[PDB]
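One structure is given below, encoded as structure tokens.
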Amino acid sequence: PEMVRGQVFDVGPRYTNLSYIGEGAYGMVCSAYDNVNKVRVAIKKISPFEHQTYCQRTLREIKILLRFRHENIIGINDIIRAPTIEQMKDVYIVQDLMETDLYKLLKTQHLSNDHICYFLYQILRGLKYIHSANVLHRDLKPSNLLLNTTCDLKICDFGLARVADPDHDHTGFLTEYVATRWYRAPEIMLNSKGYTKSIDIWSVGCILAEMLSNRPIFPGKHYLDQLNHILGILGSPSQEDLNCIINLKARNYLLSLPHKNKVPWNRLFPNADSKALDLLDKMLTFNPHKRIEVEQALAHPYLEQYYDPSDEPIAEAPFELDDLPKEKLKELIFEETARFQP
Ligand SMILES: CC(C)(NC(=O)CN1Cc2ccc(-c3nc(NC4CCOCC4)ncc3Cl)cc2C1=O)c1ccccc1
């Protein structure tokens with residue numbers, strides 16, 4: 001079997017001529033030549049079986065992406081694994097190969113207004129589908145937006161995704177959270193577990209701001225610094241928005257801060273289209289109950305050239321893993337991947 005940078009890739013005979021792309025936590029990504037479809041593909045080797053959290057992330061992604069079918073959401077084309085549970089130490093997820101991602105693109109390229117507009121349209125169009133299946137992505141950020149050479153965009157990384165659960169959203173102040181710090185809505189740090197659709201809209205807002213300037217809007221360096229970056233631009237919450245934070249520790253923290261005025265979007269983004277800033281404002285609303293929803297965002301004047309609800313499809317139906325042992329999760333990954341075996 002082929003080796004890439006000191007790691008076997010047991011993906012043959014179908015997939016050959018491997019080139020390194022990248023790696024991360026307990027897995028590696030290569031491109032490969034698919035000998036059946038005669039195109040290069042992305043393959044990610046996941047070796048999650050020693051840690052229950054890696055098993056969780058793997059199973060969530062697999063179950064969600066096999067159910068989902070949408071042009072702006074990365075699909076799974078194939079899954080390679082050993083024929084038995086005993087022999088299975090790795091899972092290979094085979095996906096369409098994309099040229100780049102929005103994180104990489106933003107570090108090197110100025111985006112025209114038309115590019116920003118089109119990228120945002122695609123983000124929201126994919127997210128409409130996700131939200132219509134009662135699923136939350138929960139880790140939207142530039143590196144999870146894949147792009148091909150014609151700027152078609154696909155949402156990836158569904159390892160932190162959850163079924164929406166707005167009646168169990170409430171928590172205490174400073175509750176620890178997993179998803180990427182810079183894209184966390186203010187309520188995460190105050191009183192929210194991130195179980196409502198509004199958490200994803202906040203993240204899309206952050207992404208839009210980062211497309212406008214090529215810099216993250218709220219680059220917090222640690223948990224509570226994230227909130228203070230947010231409040232540094234949005235300004236002090238209103239009485240009404242404060243009154244919705246019933247937990248006293250969270251309320252009193254906010255009340256303890258000096259008054260801060262709002263930084264106008266058009267001063268932060270002097271070259272931005274004014275309709276883009278109006279939509280930005282609505283996505284980056286402090287109060288999650290007042291924040292724009294995905295279907296409203298699509299209907300906003302900024303996206304008028306693209307908006308077409310008949311061509312923005314929804315899922316055919318809606319969607320416990322948290323307490324399950326790593327070994328029951330291996331069984332479920334094994335079972336969920338059986339359709340790809342001969
Ligand atoms: C922790 C875990 C399981 N997370 C993920 O799986 C999340 N991730 C990480 C990744 C990397 C690349 C591609 C990907 N990239 C491209 N093109 C490239 C060409 C070069 O510029 C950038 C884009 N085309 C298709 C795909 Cl699917 C997709 C993903 C994805 O969903 C993990 C497991 C293993 C390794 C790291 C983390």
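Residues are referred to by chain and number: the chain letter is A, B, ... according to the order shown in the structure tokens, the number counts from 1 in that chain, and ligands are numbered separately from 1 in the order shown.
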Just want the residues within 7 Å of ligand 1, written as a ChimeraX atom specification, counting only C-alpha atoms and all ligand atoms. /A:21-29,42-46,57-58,74,95-101,104,144,146,156-157,159
Please identify which residues in stretch 158-298 of chain A DSSP calls strand (DSSP E or B) from the backbone, and express them as a short mmCIF file (atom, residue, chain, number, x, y, z; two decimals) with N, CA, C and O atoms, in the first residue's frame.
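Output (result19.cif):
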data_model
loop_
_atom_site.label_atom_id
_atom_site.label_comp_id
_atom_site.auth_asym_id
_atom_site.auth_seq_id
_atom_site.Cartn_x
_atom_site.Cartn_y
_atom_site.Cartn_z
N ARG A 162 -25.07 19.32 15.47
CA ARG A 162 -26.03 18.82 16.48
C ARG A 162 -27.41 18.99 15.85
O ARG A 162 -27.59 19.85 15.00
N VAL A 163 -28.36 18.22 16.31
CA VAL A 163 -29.77 18.52 16.12
C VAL A 163 -30.14 19.73 16.94
O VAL A 163 -29.74 19.83 18.10
N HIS A 170 -30.21 26.90 27.50
CA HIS A 170 -29.76 27.82 28.54
C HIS A 170 -28.67 27.21 29.38
O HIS A 170 -28.70 26.02 29.70
N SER A 192 -25.65 30.50 26.69
CA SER A 192 -26.12 29.61 25.61
C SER A 192 -25.20 28.44 25.41
O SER A 192 -23.96 28.59 25.39
#
From A:4, A:180, A:34, A:244, residue lying nearest residue A:290 [only C-alpha atoms]: A:244
Set the distance at 12 Å and use only C-alpha atoms: which residues neighbour residue A:295 once local chain neighbours fewer than 6 positions away are removed? I'd like the list as a PDB file with N, CA and C atoms, in the first residue's frame.
ATOM      1  N   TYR A 121     -23.993  34.166  -0.771  1.00  0.00           N
ATOM      2  CA  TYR A 121     -25.181  33.513  -1.317  1.00  0.00           C
ATOM      3  C   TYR A 121     -25.038  31.999  -1.132  1.00  0.00           C
ATOM      4  N   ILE A 123     -23.022  30.157   0.844  1.00  0.00           N
ATOM      5  CA  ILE A 123     -22.981  29.832   2.259  1.00  0.00           C
ATOM      6  C   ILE A 123     -24.420  29.723   2.789  1.00  0.00           C
ATOM      7  N   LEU A 124     -25.218  30.755   2.555  1.00  0.00           N
ATOM      8  CA  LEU A 124     -26.552  30.808   3.097  1.00  0.00           C
ATOM      9  C   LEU A 124     -27.470  29.775   2.449  1.00  0.00           C
ATOM     10  N   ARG A 125     -27.241  29.495   1.169  1.00  0.00           N
ATOM     11  CA  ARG A 125     -28.041  28.519   0.429  1.00  0.00           C
ATOM     12  C   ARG A 125     -27.798  27.118   1.022  1.00  0.00           C
ATOM     13  N   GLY A 126     -26.527  26.719   1.220  1.00  0.00           N
ATOM     14  CA  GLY A 126     -26.183  25.483   1.927  1.00  0.00           C
ATOM     15  C   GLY A 126     -26.733  25.470   3.351  1.00  0.00           C
ATOM     16  N   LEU A 127     -26.596  26.572   4.050  1.00  0.00           N
ATOM     17  CA  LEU A 127     -27.081  26.640   5.441  1.00  0.00           C
ATOM     18  C   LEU A 127     -28.598  26.543   5.517  1.00  0.00           C
ATOM     19  N   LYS A 128     -29.324  27.064   4.525  1.00  0.00           N
ATOM     20  CA  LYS A 128     -30.800  26.907   4.485  1.00  0.00           C
ATOM     21  C   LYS A 128     -31.148  25.410   4.515  1.00  0.00           C
ATOM     22  N   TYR A 129     -30.476  24.643   3.683  1.00  0.00           N
ATOM     23  CA  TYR A 129     -30.673  23.210   3.656  1.00  0.00           C
ATOM     24  C   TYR A 129     -30.351  22.550   5.025  1.00  0.00           C
ATOM     25  N   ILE A 130     -29.205  22.862   5.590  1.00  0.00           N
ATOM     26  CA  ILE A 130     -28.754  22.319   6.881  1.00  0.00           C
ATOM     27  C   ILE A 130     -29.797  22.599   7.947  1.00  0.00           C
ATOM     28  N   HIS A 131     -30.145  23.864   8.104  1.00  0.00           N
ATOM     29  CA  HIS A 131     -31.167  24.301   9.064  1.00  0.00           C
ATOM     30  C   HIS A 131     -32.549  23.690   8.773  1.00  0.00           C
ATOM     31  N   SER A 132     -32.919  23.530   7.509  1.00  0.00           N
ATOM     32  CA  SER A 132     -34.202  22.890   7.181  1.00  0.00           C
ATOM     33  C   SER A 132     -34.231  21.398   7.634  1.00  0.00           C
ATOM     34  N   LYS A 197     -30.319  27.739  15.866  1.00  0.00           N
ATOM     35  CA  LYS A 197     -29.884  28.108  14.507  1.00  0.00           C
ATOM     36  C   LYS A 197     -29.153  29.438  14.478  1.00  0.00           C
ATOM     37  N   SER A 198     -29.520  30.336  15.419  1.00  0.00           N
ATOM     38  CA  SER A 198     -28.911  31.651  15.510  1.00  0.00           C
ATOM     39  C   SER A 198     -27.376  31.603  15.748  1.00  0.00           C
ATOM     40  N   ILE A 201     -25.805  31.627  12.220  1.00  0.00           N
ATOM     41  CA  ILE A 201     -25.931  32.955  11.576  1.00  0.00           C
ATOM     42  C   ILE A 201     -24.858  33.902  12.075  1.00  0.00           C
ATOM     43  N   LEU A 303     -28.493  40.168  -1.746  1.00  0.00           N
ATOM     44  CA  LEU A 303     -28.442  38.905  -2.517  1.00  0.00           C
ATOM     45  C   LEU A 303     -29.476  38.843  -3.640  1.00  0.00           C
ATOM     46  N   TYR A 307     -31.143  35.611  -5.427  1.00  0.00           N
ATOM     47  CA  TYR A 307     -32.197  34.985  -4.615  1.00  0.00           C
ATOM     48  C   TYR A 307     -33.269  34.328  -5.481  1.00  0.00           C
ATOM     49  N   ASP A 308     -33.581  33.082  -5.173  1.00  0.00           N
ATOM     50  CA  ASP A 308     -34.568  32.313  -5.930  1.00  0.00           C
ATOM     51  C   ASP A 308     -34.984  31.148  -5.051  1.00  0.00           C
ATOM     52  N   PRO A 309     -36.026  31.344  -4.249  1.00  0.00           N
ATOM     53  CA  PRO A 309     -36.372  30.309  -3.243  1.00  0.00           C
ATOM     54  C   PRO A 309     -36.732  28.975  -3.865  1.00  0.00           C
ATOM     55  N   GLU A 312     -33.458  27.049  -4.018  1.00  0.00           N
ATOM     56  CA  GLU A 312     -32.743  27.007  -2.743  1.00  0.00           C
ATOM     57  C   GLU A 312     -33.439  25.890  -1.976  1.00  0.00           C
ATOM     58  N   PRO A 313     -33.045  24.654  -2.295  1.00  0.00           N
ATOM     59  CA  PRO A 313     -33.787  23.513  -1.765  1.00  0.00           C
ATOM     60  C   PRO A 313     -33.627  23.232  -0.304  1.00  0.00           C
ATOM     61  N   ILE A 314     -34.633  22.523   0.233  1.00  0.00           N
ATOM     62  CA  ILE A 314     -34.619  22.066   1.611  1.00  0.00           C
ATOM     63  C   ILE A 314     -34.543  20.549   1.730  1.00  0.00           C
TER      64      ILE A 314
END
8 Å contact set for residue A:137, only C-alpha atoms, chain neighbours under 2 positions out, as a VMD selection string: chain A and resid 130 135 139 to 140 158 160 to 162 200
Point out the residue among A:168, A:14, A:328, A:51 with the least atom-to-atom distance to residue A:35, counting only C-alpha atoms.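 Closest candidate: A:14.
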How close does stretch 138-251 of chain A get to stretch 260-281 of chain A? List, as a tab-separated table, each residue of stretch 138-251 of chain A within 9 Å, its nearest atom pair and the distance in Å to one decimal, counting only C-alpha atoms.
residue	atom	partner	partner_atom	distance
A:204	CA	A:280	CA	9.0
A:205	CA	A:280	CA	5.7
A:206	CA	A:280	CA	8.4
A:208	CA	A:280	CA	6.9
A:209	CA	A:280	CA	7.1
A:212	CA	A:272	CA	6.5
A:213	CA	A:269	CA	7.0
A:231	CA	A:260	CA	7.5
A:232	CA	A:260	CA	6.8
A:233	CA	A:263	CA	5.0
A:234	CA	A:262	CA	4.7
A:235	CA	A:262	CA	4.1
A:236	CA	A:260	CA	5.2
A:237	CA	A:260	CA	8.9
Nearest to residue A:120 by atom-to-atom distance, counting only C-alpha atoms, from A:341, A:143, A:72, A:84: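 Residue with the minimum atom-to-atom distance to residue A:120: A:72.
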Name all residues at most 9 Å from residue A:254 (count only C-alpha atoms; drop same-chain ones fewer than 3 positions away) and give them as a PyMOL selection string. chain A and resi 236-237+242+249-251+257-258
Residue A:288 surroundings by only C-alpha atoms, 10 Å radius, close-in-sequence under 2 positions cut, as a PyMOL selection string: chain A and resi 185-187+192+196-199+201-202+241+244+283-286+290-293
Next, the residues of the selection above should be written as a PDB file, in the first residue's frame with N, CA, C and O atoms.
ATOM      1  N   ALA A 185     -20.822  33.227  18.890  1.00  0.00           N
ATOM      2  CA  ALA A 185     -21.789  34.258  19.154  1.00  0.00           C
ATOM      3  C   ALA A 185     -21.629  34.707  20.624  1.00  0.00           C
ATOM      4  O   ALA A 185     -21.136  33.943  21.447  1.00  0.00           O
ATOM      5  N   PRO A 186     -21.980  35.971  20.926  1.00  0.00           N
ATOM      6  CA  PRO A 186     -21.752  36.501  22.290  1.00  0.00           C
ATOM      7  C   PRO A 186     -22.463  35.693  23.377  1.00  0.00           C
ATOM      8  O   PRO A 186     -21.942  35.520  24.485  1.00  0.00           O
ATOM      9  N   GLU A 187     -23.676  35.206  23.071  1.00  0.00           N
ATOM     10  CA  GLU A 187     -24.465  34.433  24.033  1.00  0.00           C
ATOM     11  C   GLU A 187     -23.755  33.152  24.518  1.00  0.00           C
ATOM     12  O   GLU A 187     -24.052  32.709  25.620  1.00  0.00           O
ATOM     13  N   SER A 192     -25.653  30.500  26.685  1.00  0.00           N
ATOM     14  CA  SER A 192     -26.123  29.612  25.614  1.00  0.00           C
ATOM     15  C   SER A 192     -25.200  28.444  25.406  1.00  0.00           C
ATOM     16  O   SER A 192     -23.962  28.594  25.387  1.00  0.00           O
ATOM     17  N   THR A 196     -29.241  26.466  19.085  1.00  0.00           N
ATOM     18  CA  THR A 196     -30.187  27.157  18.220  1.00  0.00           C
ATOM     19  C   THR A 196     -29.495  27.593  16.903  1.00  0.00           C
ATOM     20  O   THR A 196     -28.268  27.802  16.846  1.00  0.00           O
ATOM     21  N   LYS A 197     -30.319  27.739  15.866  1.00  0.00           N
ATOM     22  CA  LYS A 197     -29.884  28.108  14.507  1.00  0.00           C
ATOM     23  C   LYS A 197     -29.153  29.438  14.478  1.00  0.00           C
ATOM     24  O   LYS A 197     -28.269  29.661  13.625  1.00  0.00           O
ATOM     25  N   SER A 198     -29.520  30.336  15.419  1.00  0.00           N
ATOM     26  CA  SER A 198     -28.911  31.651  15.510  1.00  0.00           C
ATOM     27  C   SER A 198     -27.376  31.603  15.748  1.00  0.00           C
ATOM     28  O   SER A 198     -26.677  32.569  15.407  1.00  0.00           O
ATOM     29  N   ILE A 199     -26.830  30.486  16.252  1.00  0.00           N
ATOM     30  CA  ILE A 199     -25.392  30.382  16.480  1.00  0.00           C
ATOM     31  C   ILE A 199     -24.629  30.355  15.143  1.00  0.00           C
ATOM     32  O   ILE A 199     -23.555  30.950  15.030  1.00  0.00           O
ATOM     33  N   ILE A 201     -25.805  31.627  12.220  1.00  0.00           N
ATOM     34  CA  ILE A 201     -25.931  32.955  11.576  1.00  0.00           C
ATOM     35  C   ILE A 201     -24.858  33.902  12.075  1.00  0.00           C
ATOM     36  O   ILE A 201     -24.299  34.635  11.280  1.00  0.00           O
ATOM     37  N   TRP A 202     -24.560  33.883  13.391  1.00  0.00           N
ATOM     38  CA  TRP A 202     -23.491  34.720  13.950  1.00  0.00           C
ATOM     39  C   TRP A 202     -22.198  34.418  13.232  1.00  0.00           C
ATOM     40  O   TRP A 202     -21.511  35.347  12.815  1.00  0.00           O
ATOM     41  N   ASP A 241     -32.027  44.043  25.556  1.00  0.00           N
ATOM     42  CA  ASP A 241     -31.208  42.876  25.338  1.00  0.00           C
ATOM     43  C   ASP A 241     -30.633  42.321  26.638  1.00  0.00           C
ATOM     44  O   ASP A 241     -30.507  41.094  26.791  1.00  0.00           O
ATOM     45  N   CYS A 244     -33.179  40.110  28.682  1.00  0.00           N
ATOM     46  CA  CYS A 244     -33.274  38.722  28.240  1.00  0.00           C
ATOM     47  C   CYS A 244     -32.173  37.822  28.822  1.00  0.00           C
ATOM     48  O   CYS A 244     -32.272  36.605  28.703  1.00  0.00           O
ATOM     49  N   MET A 283     -26.947  40.126  10.826  1.00  0.00           N
ATOM     50  CA  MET A 283     -26.375  38.834  11.204  1.00  0.00           C
ATOM     51  C   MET A 283     -25.623  38.957  12.504  1.00  0.00           C
ATOM     52  O   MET A 283     -25.650  38.030  13.301  1.00  0.00           O
ATOM     53  N   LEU A 284     -24.942  40.094  12.717  1.00  0.00           N
ATOM     54  CA  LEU A 284     -24.219  40.359  13.954  1.00  0.00           C
ATOM     55  C   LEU A 284     -25.015  41.178  14.956  1.00  0.00           C
ATOM     56  O   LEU A 284     -24.520  42.146  15.505  1.00  0.00           O
ATOM     57  N   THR A 285     -26.248  40.776  15.191  1.00  0.00           N
ATOM     58  CA  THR A 285     -27.103  41.303  16.237  1.00  0.00           C
ATOM     59  C   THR A 285     -26.781  40.601  17.531  1.00  0.00           C
ATOM     60  O   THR A 285     -26.654  39.355  17.588  1.00  0.00           O
ATOM     61  N   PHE A 286     -26.655  41.396  18.604  1.00  0.00           N
ATOM     62  CA  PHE A 286     -26.298  40.855  19.926  1.00  0.00           C
ATOM     63  C   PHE A 286     -27.353  39.840  20.405  1.00  0.00           C
ATOM     64  O   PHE A 286     -27.028  38.722  20.818  1.00  0.00           O
ATOM     65  N   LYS A 290     -33.415  38.375  17.957  1.00  0.00           N
ATOM     66  CA  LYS A 290     -33.568  39.441  16.952  1.00  0.00           C
ATOM     67  C   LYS A 290     -32.686  39.252  15.712  1.00  0.00           C
ATOM     68  O   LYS A 290     -32.873  39.932  14.700  1.00  0.00           O
ATOM     69  N   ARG A 291     -31.736  38.335  15.785  1.00  0.00           N
ATOM     70  CA  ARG A 291     -30.819  38.055  14.695  1.00  0.00           C
ATOM     71  C   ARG A 291     -31.591  37.517  13.496  1.00  0.00           C
ATOM     72  O   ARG A 291     -32.520  36.736  13.664  1.00  0.00           O
ATOM     73  N   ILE A 292     -31.222  37.933  12.321  1.00  0.00           N
ATOM     74  CA  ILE A 292     -31.834  37.449  11.087  1.00  0.00           C
ATOM     75  C   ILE A 292     -31.715  35.895  10.952  1.00  0.00           C
ATOM     76  O   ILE A 292     -30.705  35.324  11.351  1.00  0.00           O
ATOM     77  N   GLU A 293     -32.746  35.247  10.406  1.00  0.00           N
ATOM     78  CA  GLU A 293     -32.691  33.827  10.095  1.00  0.00           C
ATOM     79  C   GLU A 293     -32.205  33.635   8.654  1.00  0.00           C
ATOM     80  O   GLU A 293     -32.199  34.557   7.873  1.00  0.00           O
TER      81      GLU A 293
END
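Rounded to one decimal, atom CA of residue A:76 and atom CA of residue A:93 lie 6.7 Å from each other.
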Tell me, as a list in words, which residues lie within 10 Å of residue A:53, counting only C-alpha atoms; anything in the same chain fewer than 6 positions away does not count. residues 59, 159, 321, 322, 324, 325, 326 and 329 of chain A
Two-atom distance - atom CA of residue A:70, atom CA of residue A:108 (Å):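 Calculated distance between atom CA of residue A:70 and atom CA of residue A:108 is 28.4 Å.
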Just asking: which residues within stretch 196-303 of chain A are helix (DSSP H, G or I) according to DSSP, as a PyMOL selection string? chain A and resi 198-213+223-234+239-243+248-256+265-268+274-283+294-298+301-303
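Each of A:182, A:111, A:133, A:117 was checked against residue A:300 using only C-alpha atoms; the smallest atom-to-atom distance is that of A:117.
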